[PDB]
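Novice: Take a look at this one; I'll ask things after.
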Number of protein chains: 4
Amino acid sequence: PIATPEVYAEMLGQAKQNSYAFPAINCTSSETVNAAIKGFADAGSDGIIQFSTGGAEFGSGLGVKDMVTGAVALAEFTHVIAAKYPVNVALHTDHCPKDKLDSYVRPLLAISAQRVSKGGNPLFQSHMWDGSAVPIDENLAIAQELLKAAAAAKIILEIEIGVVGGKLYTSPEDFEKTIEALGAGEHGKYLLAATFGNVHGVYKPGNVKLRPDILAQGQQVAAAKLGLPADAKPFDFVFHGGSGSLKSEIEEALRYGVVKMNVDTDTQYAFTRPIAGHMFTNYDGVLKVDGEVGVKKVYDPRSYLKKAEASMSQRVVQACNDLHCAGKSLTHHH
Amino acid sequence: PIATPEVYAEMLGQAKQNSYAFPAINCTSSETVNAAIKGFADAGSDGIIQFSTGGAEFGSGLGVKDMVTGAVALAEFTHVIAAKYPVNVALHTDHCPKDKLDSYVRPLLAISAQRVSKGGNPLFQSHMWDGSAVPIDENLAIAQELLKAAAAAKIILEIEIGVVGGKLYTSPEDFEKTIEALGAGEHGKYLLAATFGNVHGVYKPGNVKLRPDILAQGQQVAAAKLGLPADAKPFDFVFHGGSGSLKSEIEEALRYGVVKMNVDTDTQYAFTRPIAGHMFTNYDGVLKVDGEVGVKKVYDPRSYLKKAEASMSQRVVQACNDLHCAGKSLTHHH
Amino acid sequence: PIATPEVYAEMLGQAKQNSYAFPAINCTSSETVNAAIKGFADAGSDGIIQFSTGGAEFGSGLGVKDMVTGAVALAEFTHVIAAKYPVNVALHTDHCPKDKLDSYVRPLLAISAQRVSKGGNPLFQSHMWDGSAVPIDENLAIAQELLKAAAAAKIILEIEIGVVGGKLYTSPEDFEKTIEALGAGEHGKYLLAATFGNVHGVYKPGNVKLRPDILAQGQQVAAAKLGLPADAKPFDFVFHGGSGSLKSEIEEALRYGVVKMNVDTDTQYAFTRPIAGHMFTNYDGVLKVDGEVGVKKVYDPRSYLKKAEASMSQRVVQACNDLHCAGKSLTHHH
Amino acid sequence: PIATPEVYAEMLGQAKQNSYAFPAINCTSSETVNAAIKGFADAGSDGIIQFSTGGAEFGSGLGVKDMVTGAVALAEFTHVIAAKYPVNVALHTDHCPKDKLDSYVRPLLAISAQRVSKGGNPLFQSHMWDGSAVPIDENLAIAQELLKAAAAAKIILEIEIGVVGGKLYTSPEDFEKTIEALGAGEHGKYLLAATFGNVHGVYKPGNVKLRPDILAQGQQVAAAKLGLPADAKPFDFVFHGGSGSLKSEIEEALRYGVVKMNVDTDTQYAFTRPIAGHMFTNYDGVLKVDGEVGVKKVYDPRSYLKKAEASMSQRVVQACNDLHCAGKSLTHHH
Ligand SMILES: O=P(O)(O)OC[C@@H](O)CO
Ligand SMILES: O=P(O)(O)OC[C@@H](O)CO
Ligand SMILES: O=P(O)(O)OC[C@@H](O)CO
Ligand SMILES: O=P(O)(O)OC[C@@H](O)CO
Ligand code: NA
Ligand code: NA
Ligand code: NA
Ligand code: NA
Ligand SMILES: [Zn+2]
Ligand SMILES: [Zn+2]
Ligand SMILES: [Zn+2]
Ligand SMILES: [Zn+2]
Ligand SMILES: [Zn+2]
Ligand SMILES: [Zn+2]
Ligand SMILES: [Zn+2]
Ligand SMILES: [Zn+2]
C-alpha cells in the first residue's frame, strides 16, 4: 500500500532506531514508478518514490508542462499501483526553491489539507523545501511556517541546509539554528538534508569526497543544545547525491542518523542501459532500412521498456541492500 | 477535458453526420498517453485513448501484471492530464475476448456503475467486447447483455463481427443479426468493428487488400431491415488495423460510416524512432565505454522520451488530418 | 590474370562489337581490390579496377599521402592477386586534372615506358586525362601528346569532354574536334568520357536526368566526319557516375557505344553496409562496456571486413549483369 | 625502407645489447600495414610487420584463400610503402605448424632463395616455424634443417618451445636441447619463442599470470652449456601474446633478452574502435533509412578507415614506448 502518515512516521522511526535508511527513488513516469515499487517489493523493503520539479513537469507532458498537474497525475497513478504490493510506499516531492513554492509545494499541500479536512490521508507523505540558496534565517523562517502547515496535513517536511553540488559543508551554527527554530520533532517531524560534500550525478569513483563526520558533529551540536546524552541522534538526516557513492561512505552515513538516501542518476543509467542495447541489437527492426518496414515486435515500446523496468528494479534492490532496509518492510511479509 | 458520456455521444454523432472519424490511439504509459492527447490538441481535434489487455497489463508493472489495475491506474492518470487540454478525450478499452471478460471488461464496468450510482460519470466512456472468435449468435447474446449493462453505466459498447488479421470479411447474415439483436442505437449506442480485410500491423504498402464495399453493403442490409432509405447509415463502424493504410482506403471507409479508426503500430514506430536515433548518436554517453562513466544528460530517460513523445504526437496529428477530425473539436477552440 | 595490352584491346573491341560494357570499379585497398576481382570472377566476366587520385593517396597511408606510391603499391598487390583468377583484370587510373598530371599520370606512364623498354608490359593498362576544366583545344592538345606517350607504352588513354556533375552535356563541336585531333584509333586507342547529364554519387532515383541521345549524336557526327555509314560507332564511350542509374538508362547507353561504366558510390555502400550491421549487432563486443574487455572475435577487423568484401563482390556481379559482360570473359572458363 | 638482412640483424643485436625490443604487429591488409608503419615512424622506431596464416589467407581474398598468395601480395605492397619511410621495417611470417610448412614457409623460403640467387634480398626477413605441438626432438630436427635453408636465403628463423595459450611453461631440458641442436647464432641467427605463461588475446588485467623468471633461467641454462659467464644472454627471445600485458611484465621480460614482442589483439581493438564509433554517430548516413538514400561522405570506406588507421598507429607508438625502441631507429632520423 501507499504509506499512511502513521506508517511513514513508524518507518522513519524504525530506520533511525536501527541505523538503516530507505532509498528515495526519483521517478518521472508510469514505467519508472512501476520499476521502483517492484524493486522495493523484490527487496522485501518499504521505500520512497519522489518527483522533482522537472520530473513532475515531464510527467505532465509537453503540452501541459505544469508541476502540480504532473505530480498529481503521477501520484494518482502510484496510489492505484501501490495498493497491489505488500510493502509500504511513501510519496515525496524533491527540491523546491523559494520561487517555485507557490507553484509546487504550496498547492500540493493545499490539496492534501483538503483531503485531511474530509477525513482522508494526504496525497503525498512528505514535501521538500529547499531553502539552501537563501540566508539560513530566511530558510528557517519559511521552514517553520511550512512545518506547521505540513504537520496539520499529516505530512513530513524535508528541509536543506548547505548546497548539494552538481560551502558543501553545513556549519555548526546552522545545525543549532535548526534545532532552535524547529525543535526535534515535537512540533512536527522534519527530515534534514544537511550537506557534507554530496554531489548530484555520478563521477569517476575517486572524485567526490564525502565528509560524514559533519553529520556526526551536527548530532552532537543538537544533543548539546537539547541537553541530551552525547550519543543522541536528534536529527533524521537525508543523504542527497546517493548515486556513485562507495558502500563504505553509505555505511558511515547510516551510523550518524541518515534515514533517507536519494538516488536518481544510477537508476537512470539502469533504466536506459538495456534500451540502448535493444536498439543496437535490433537496429534493422527499430529502423526502416533499405526499403524494409522494420519489425513491430521490437519497435513496440513495451519490448524494450519491460527490460528498462526490470533493470531499474534490480538497481533499486541493490539500494535496499546498501541501505540495510531490505527484508525489513513493516508489513512483515517474509 | 475527459469526454463526458453526452459529449462522446455528440462527438460520434457529429463525425457520422459529417463523414469524418476519430483516431483511437493505443497507449501503454504516461508518456504515450501524454503524446496522444498533445497530438489531438495540436490538431484542434477530439480523440480516443484506448488500452488493450496487454497494454493494461504492461501499465500495471511486471510486479502486478493485472489488467484492471493497469487500466484503472492509466485511466486515473489520464483524467488528471486531460483536464488541462481544451479538447475532449475519450477513454476506451480494446479487444476483450470471452475468457477475459471476467477479468477486464466486467470489473471495469462495475467500477463505472458504482461511480454512476453516486451521481458521477463512468471511468471509461466505451469498452470493447470482441466476440469474433465465437459463433455469431453467442457473440450477440453476450453483446445484448453487455449493451444493457454499458448503457446503464453511460458507456458505449464496441463489438466485433469477423476477425481482424495479424473470413476477414463480415457476412450479410451477420450484419442482419446485429441489427435484429441490438437495434440501431435506441437500446444504447454501440460501435461495430465489422471486418473488411483489415490487418493489425504494418506490411509493405502493397500487401493488405481492404474491401470497404463490405461496409457499404452492411449499411444497405441494415437500412433495408429497418425500412430506411437505401442511403441511410444505421451502423457506426470501427476501422481496426489502421496503421499502414493508404489515404484512399481511409477516405473510402469514411464514406461508409466509419467513425473510429484504431491506430497502434504506426504510433509505436513514431515513438521508438527517435529513441533509436538518440542511442546511436549518443552511444558513448548511454554506455559506459573504455573505463568512462557515460553522460547523465543523455542517459536521463527524459532526454530521449521527450523526443519519443513529440514524434508520436506528430503521427497523431497526421491521423487527425487523414480522418478529417482535425480542426473540429466540439469545444470550438480555434 | 592481369589483362595484357592485347587482351585489354580485344576486351574493349568485343564489348563494342556486341554492345556490352565492363564495370570499372574504384578501389582503395587490398580488401576492395579483392572484392572487385571476386565479383568479376563470380560473374564469369572480365573487368577493370581503377584508382582515383584520392584513392591512391589513401592507399599510400596517412604517413605518405603520395598518389604515385599508393597507385604503384595497390597495382603491385593487384598483379599478385589477379594471377590467381581465370578472368582478365585491367588496371586504370581515374580523373587526373591538369595540375596533377606531373604527380600522377606522367610518372606512372614513365614507370610503364621503362617496363616496356625492358620487354615487359605496362603496370596499368589505361590512364585517364581529365581535361574537361580547360578549353577544348588545350584539353585535346594535351590529349594528343599523352596519347602518343600512352600508345608507345602499350596503354589506352581515357579522356573527358564535358563535366561530370557532383554544360553536362557534350557539344557537337567537341565531338568533331576530338575525331580531328586524335582520329578513331589508328593513332592509338582512346576511350571517351563524353558527358550526357551524368552525376557522380547517388540521389533519389528520380533526380538525375540522363540524355543518352547525346552519345548517339556524337557517333553520327564522328561517322560523318570520317565518311562512314550513319550507324557506325567511331567512339568507345565511358559512362561516369554509374551508381544509382536506372537499368533502362544503362541499356540505352550500351546501344550507343559505351564500353566502360564507372562505379564507386554503390560499391561503397555495399562494402560499408554489413560493417554497419556488424557494429550494431555486436555493440558490446566491439566496445569495452561496463568494465568488460570486449570480444576479440568480433573486433578482429577480418570478422566484419570479410562480410564487407562479399557484399561489395555481390554488387560487382550485379554491375556485370547490368552491363551484359557477365558470362563473357575472354578466357572462356564456363 | 624495408630492413635489409644486415640491418635486421643489426636491429636485433642492438636491441639485445641495450635490453630493448621491437613490436611485431600482425597485419592483414593495406590499411593495417599502413597503420603499423606510420606507428613505427611516429615513434622514431624500427619495427616488424608480420602475417599469420589466417592473415595471409584473408589478404588473398575470399576468392583465392591461399596463404602464399596473400603473404606475397601484402609483402609486395609493403615493399613499395616502406621505401617512403625513414625507419627500417622487417617482414615476418607468424606461427606455422608442421602441416602448413609445405604451403606457407617452405614456398616463401624458396621465393627468397631465388631472389638471393639473382643477387637480391629475401622477400621476408624472418619466418616462424612453430613446432611446439610436436615432441621437442622432432621440433628441433625440423628447426635445424629450416635454419640452414633460412640462413642461406639471408633470413632469420623464429622457433617455438612450449605452447602459447588461447605446459605454458618451457622446461630446462628444452632450453638445453635448443642450444645443442642450433648453437647460439654461429650457424645462423634464430629467435626463440620460449613460453612463460603467455596467452594470445586480452583478458581482464588480473587473469594472465606471466613467469618471466623462466626466461632468466633459460639464459642461465644456455650460458652454462656454452661455458659463458652466468649473466650472458645467449637467446634472443620472442614474447608472444603481448596484448593486455602489464608494463611491469614487459619491463621484466626485456631484462631477460626479449627482442621481439608480438601484438595483435590490442591493435585490432584500436583499429575497430573508431569504426564502431563512426557507424553509431552516422547511423542514418551509413544506413538507407525511412526511404532516404544514406550519405556518401560517411559510407565512403575511407571516411572511417582513415580513423581506424590513425588509432591503430597510436597503439603502435604506445608499443614502441613500452618496449623502449621508440626514438632508436638505426637510420638516426631525429
Ligand atoms: O531535477 P531532476 O529531475 O534532474 O532531479 C533532481 C534531483 O535528482 C537532484 O537535484
Ligand atoms: O495487444 P496489443 O497491446 O499488442 O494491441 C492490440 C491491438 O493494437 C490489436 O489487437
Ligand atoms: O575522388 P574519389 O576517390 O572520391 O573517386 C572519384 C570518382 O569516383 C569520381 O570523381
Ligand atoms: O591467427 P590469427 O590471424 O588470429 O593471428 C595469430 C596470432 O596473433 C596468434 O596466434
Ligand atoms: Na551522486
Ligand atoms: Na494495419
Ligand atoms: Na551516380
Ligand atoms: Na595477450
Ligand atoms: Zn537532491
Ligand atoms: Zn518481520
Ligand atoms: Zn484491433
Ligand atoms: Zn468551431
Ligand atoms: Zn568519374
Ligand atoms: Zn565462351
Ligand atoms: Zn603468437
Ligand atoms: Zn640517433
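Residues are named by chain letter and number: chains run A, B, ... in the order of the C-alpha cells, numbers start at 1 in each chain, and ligands are numbered from 1 in the order shown.
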Need the shell around residue C:26: protein/DNA/RNA residues with any atom at most 7 Å away, counting only C-alpha atoms. Skip same-chain ones fewer than 2 positions apart. Format as a list in words?
Specialist: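 So the residues in contact are residues 24, 28, 49, 50, 51, 52, 263 and 264 of chain C.
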Novice: Limited to N, CA, C and O atoms, could you put the picked residues into a file as a compact mmCIF listing (two decimals), in the first residue's frame?
Specialist:
```
# COMPACT_ATOMS: atom_id res chain seq x y z
N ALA C 24 33.98 -0.52 -64.30
CA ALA C 24 35.28 -0.05 -63.83
C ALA C 24 35.05 0.35 -62.39
O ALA C 24 34.39 1.34 -62.10
N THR C 28 40.41 1.10 -53.25
CA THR C 28 41.21 1.95 -52.36
C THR C 28 42.13 1.12 -51.45
O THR C 28 42.85 1.68 -50.61
N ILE C 49 39.72 -2.43 -62.71
CA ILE C 49 39.90 -1.86 -61.38
C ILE C 49 40.55 -0.50 -61.57
O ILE C 49 41.52 -0.39 -62.31
N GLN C 50 39.99 0.54 -60.96
CA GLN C 50 40.58 1.86 -61.11
C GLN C 50 40.88 2.54 -59.78
O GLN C 50 40.19 2.29 -58.78
N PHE C 51 41.92 3.37 -59.78
CA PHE C 51 42.28 4.17 -58.60
C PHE C 51 42.16 5.64 -58.95
O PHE C 51 42.84 6.13 -59.87
N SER C 52 41.34 6.36 -58.18
CA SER C 52 41.26 7.81 -58.27
C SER C 52 42.49 8.40 -57.60
O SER C 52 43.23 7.70 -56.90
N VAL C 263 31.80 2.69 -61.65
CA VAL C 263 31.01 2.65 -60.41
C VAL C 263 31.86 2.71 -59.15
O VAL C 263 32.87 1.98 -59.02
N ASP C 264 31.45 3.60 -58.24
CA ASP C 264 32.15 3.80 -56.98
C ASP C 264 31.13 3.86 -55.84
O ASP C 264 31.19 3.05 -54.91
```
Novice: Need the shell around stretch 107-121 of chain B: protein/DNA/RNA residues with any atom at most 9 Å away, counting only C-alpha atoms. Skip same-chain ones fewer than 5 positions apart. Format as a ChimeraX atom specification?
Specialist: /B:4-5,68,71-72,101-102,127,149-150,152-155
Novice: Kindly compile the residues surrounding ligand 6 within 8 Å, counting only C-alpha atoms and all ligand atoms, and format them as a list in words.
Specialist: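 Taking only C-alpha atoms and all ligand atoms into account, the residues around ligand 6 at most 8 Å away are residues 198, 199, 200, 201, 202, 203, 240, 241, 242, 243, 244, 245, 263 and 265 of chain B.
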Novice: Can you work out which one of B:292, B:249, B:284, B:137 has the shortest atom-to-atom distance to chain D, counting only C-alpha atoms?
Specialist: B:284
Novice: Around ligand 14, which protein and nucleic acid residues have at least one atom no more than 10 Å from it, if we count only C-alpha atoms and all ligand atoms? List them as a PyMOL selection string.
Specialist: chain C and resi 44+327-334
Novice: For the strand (DSSP E) assignment from backbone DSSP, which residues of stretch 162-332 of chain B qualify? Please present them as a VMD selection string.
Specialist: chain B and resid 190 to 194 237 to 239 258 to 263
Novice: Give me the residues near residue B:296 as a ChimeraX atom specification, where near means some atom within 9 Å (using only C-alpha atoms) and where sequence neighbours in that chain fewer than 3 positions away do not count.
Specialist: /A:201-202,265,268-269 /B:285-286,293,299-300
Novice: Could you save the residues just selected, with N, CA, C and O atoms, as a short mmCIF file (atom, residue, chain, number, x, y, z; two decimals), in the first residue's frame?
Specialist:
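So the final result, stored in selection-v9.cif, reads:
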```cif
data_model
loop_
_atom_site.label_atom_id
_atom_site.label_comp_id
_atom_site.auth_asym_id
_atom_site.auth_seq_id
_atom_site.Cartn_x
_atom_site.Cartn_y
_atom_site.Cartn_z
N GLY A 201 24.78 13.37 -9.26
CA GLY A 201 25.38 12.88 -10.50
C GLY A 201 26.35 11.75 -10.19
O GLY A 201 26.55 11.41 -9.02
N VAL A 202 26.92 11.14 -11.22
CA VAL A 202 28.00 10.19 -10.97
C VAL A 202 29.28 10.51 -11.72
O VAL A 202 29.27 10.76 -12.93
N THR A 265 20.51 9.33 -10.52
CA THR A 265 21.42 9.09 -11.65
C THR A 265 21.65 7.59 -11.91
O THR A 265 21.62 7.15 -13.07
N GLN A 268 18.62 5.97 -13.38
CA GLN A 268 18.57 6.44 -14.79
C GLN A 268 19.45 5.57 -15.69
O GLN A 268 18.99 5.08 -16.73
N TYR A 269 20.70 5.35 -15.28
CA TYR A 269 21.59 4.53 -16.08
C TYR A 269 21.02 3.11 -16.24
O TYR A 269 21.06 2.55 -17.33
N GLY B 285 27.65 8.01 -24.54
CA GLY B 285 27.02 8.70 -23.41
C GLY B 285 26.02 7.77 -22.70
O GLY B 285 25.90 7.80 -21.47
N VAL B 286 25.33 6.93 -23.48
CA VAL B 286 24.36 6.00 -22.90
C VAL B 286 25.00 4.68 -22.46
O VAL B 286 24.37 3.90 -21.72
N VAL B 293 32.37 6.93 -17.65
CA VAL B 293 31.23 6.86 -16.75
C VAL B 293 29.91 7.25 -17.47
O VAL B 293 28.86 7.45 -16.85
N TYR B 299 21.71 9.84 -20.79
CA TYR B 299 21.06 8.64 -20.26
C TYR B 299 19.89 8.87 -19.29
O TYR B 299 19.19 7.92 -18.93
N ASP B 300 19.69 10.12 -18.90
CA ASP B 300 18.43 10.57 -18.29
C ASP B 300 17.28 10.14 -19.26
O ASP B 300 17.27 10.60 -20.41
#
```
Novice: What's around residue D:176 at 10 Å? Count only C-alpha atoms, leave out sequence neighbours fewer than 4 positions away in its own chain, and write the answer as a ChimeraX atom specification.
Specialist: /D:171-172,180-181,183,218-219,221-226
Novice: Hey, what does DSSP flag as alpha helix (DSSP H) within stretch 21-225 of chain C? Can you give it to me as an MDAnalysis selection string?
Specialist: chainID C and resid 30:42 53:59 67:82 105:117 136:152 172:182 213:225
Novice: Name the closest residue to ligand 13 among the candidates C:93, C:103, C:267, C:125; distances are taken between atoms, counting only C-alpha atoms and all ligand atoms.
Specialist: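 The shortest atom-to-atom distance to ligand 13 comes from C:93.
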Novice: Can you work out which one of B:165, B:131, B:86, B:122 has the shortest atom-to-atom distance to chain A, counting only C-alpha atoms?
Specialist: B:86
Novice: Using only C-alpha atoms, which chain D residues lie at most 9 Å away from chain B, written as a compact mmCIF listing (two decimals) with C-alpha atoms, in the first residue's frame?
Specialist:
```
# COMPACT_ATOMS: atom_id res chain seq x y z
CA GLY D 277 32.01 4.92 -33.18
CA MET D 279 28.77 3.73 -37.56
CA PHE D 280 26.80 4.74 -34.40
CA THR D 281 27.22 8.50 -34.75
CA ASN D 282 26.50 8.31 -38.52
CA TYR D 283 23.79 5.55 -38.32
CA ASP D 284 21.42 7.43 -40.66
```
Novice: Mind pulling up the distance from atom CA of residue C:18 to atom CA of residue C:186?
Specialist: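 Calculated distance between atom CA of residue C:186 and atom CA of residue C:18 is 20.7 Å.
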Novice: Using only C-alpha atoms, which residues sit within 7 Å of residue B:189 once same-chain residues fewer than 4 positions away are excluded, as a list in words?
Specialist: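 In the requested format, the answer is residues 156, 157 and 185 of chain B.
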Novice: Quick one: everything within 6 Å of stretch 87-89 of chain B, counting only C-alpha atoms, minus sequence neighbours fewer than 3 positions away in the same chain. Send it as a PyMOL selection string.
Specialist: chain B and resi 1-3+46-48+329
Novice: Go ahead and write the selection's residues with N, CA and C atoms as a tab-separated table (two decimals), in the first residue's frame.
Specialist:
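Once everything was written out, this is result12.tsv:
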```tsv
chain	number	residue	atom	x	y	z
B	1	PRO	N	-10.77	18.41	-21.58
B	1	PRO	CA	-11.31	17.53	-20.58
B	1	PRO	C	-11.49	16.10	-21.06
B	2	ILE	N	-11.68	15.23	-20.12
B	2	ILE	CA	-12.23	13.91	-20.41
B	2	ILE	C	-13.64	14.12	-21.01
B	3	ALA	N	-13.94	13.36	-22.06
B	3	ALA	CA	-15.27	13.38	-22.65
B	3	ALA	C	-16.31	12.87	-21.65
B	46	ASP	N	-10.88	16.41	-31.19
B	46	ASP	CA	-11.19	15.46	-30.11
B	46	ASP	C	-10.59	14.09	-30.47
B	47	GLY	N	-10.51	13.18	-29.50
B	47	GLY	CA	-9.88	11.89	-29.79
B	47	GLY	C	-10.11	10.85	-28.72
B	48	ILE	N	-9.64	9.64	-29.00
B	48	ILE	CA	-9.87	8.49	-28.14
B	48	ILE	C	-8.54	7.87	-27.77
B	329	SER	N	-12.81	19.87	-33.06
B	329	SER	CA	-13.12	19.64	-31.64
B	329	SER	C	-14.42	20.35	-31.24
```
